[PDB]
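Next up: just one chain, as structure tokens, the form deposited in one PDB entry.
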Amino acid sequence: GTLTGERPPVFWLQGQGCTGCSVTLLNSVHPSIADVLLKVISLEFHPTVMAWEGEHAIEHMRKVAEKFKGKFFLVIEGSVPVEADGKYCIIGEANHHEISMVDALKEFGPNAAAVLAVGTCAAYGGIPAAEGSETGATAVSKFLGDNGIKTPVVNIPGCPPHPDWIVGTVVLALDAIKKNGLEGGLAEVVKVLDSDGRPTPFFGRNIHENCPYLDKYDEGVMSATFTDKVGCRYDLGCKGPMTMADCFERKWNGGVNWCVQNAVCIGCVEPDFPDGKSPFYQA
């Protein structure tokens, strides 16, 4: 990229998020987040990092949205709660009117080029939708479908995702669009999504079948304490067998560790996370 190249507009809306999907993106090694922001995309609205504030920030997003109707990318971090008429997530106020996450997704969703549901909360509901919750936390694709909004969705799950999955999905999409235009490009992206909406380049391989401790699993040699790094982690709760992600190879945080080496995989990229992956510390 260059400082003076084409950089499409992106709005980043937080629903019932923890900001961890934003923070994981800040950890991108290559391209660095500085290069992503200054050379790859134009991050026009993001509540955690943008200069302006309040109604002025909302109106800025609305002005860009009008100029780039049908063409901006919409990132969602967090789930969308529908109970209590949307009141469990208010994201702004303008014209003396509060704007719920429900409202915001109904406003901008129809006019995005594509919606990137970043993180398991946005993709699948995640922890806010788990047993014991009461906010009607809803995944992006379901919310949009329920409301008749047909904009394409790509899921980039994880709790959090690896930055390479987020940046890499953006790169995949922008490449496809460069080659084919917007509709042709998005069609090429959809072709490489699995049945859970995930890009098969990153989510197409199972952790367990590629795990360095697979021989130990097959031999029945199981660690009885977390600090025994020789045995397989299955009896300690490892969910690698049920998890589709490339963590075994790219690892985490500049390659310095990953969940299976350190402790256990908790299946954080899967549509049933957390409840279908719990208890975490037994099989």
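We number the residues from 1 along the sequence you see. Take the two forms, find the largest set of C-alpha atoms that superpose within 1.5 Å, and that set is the rigid core.
What comes next is about the form deposited in another entry, which is not displayed.
Just one of the listed positions, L214, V64, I33, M242, moves its Cα by at least 2 Å between the shown form and the other one when the rigid core is held fixed, and it is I33. In that other deposited form, the separation between the C-alpha atoms of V36 and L182 shrinks by 3 Å or more relative to the displayed form. In comparison with the shown form, the Cα-Cα distance of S32 and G20 increases by at least 3 angstroms in that other deposited form.
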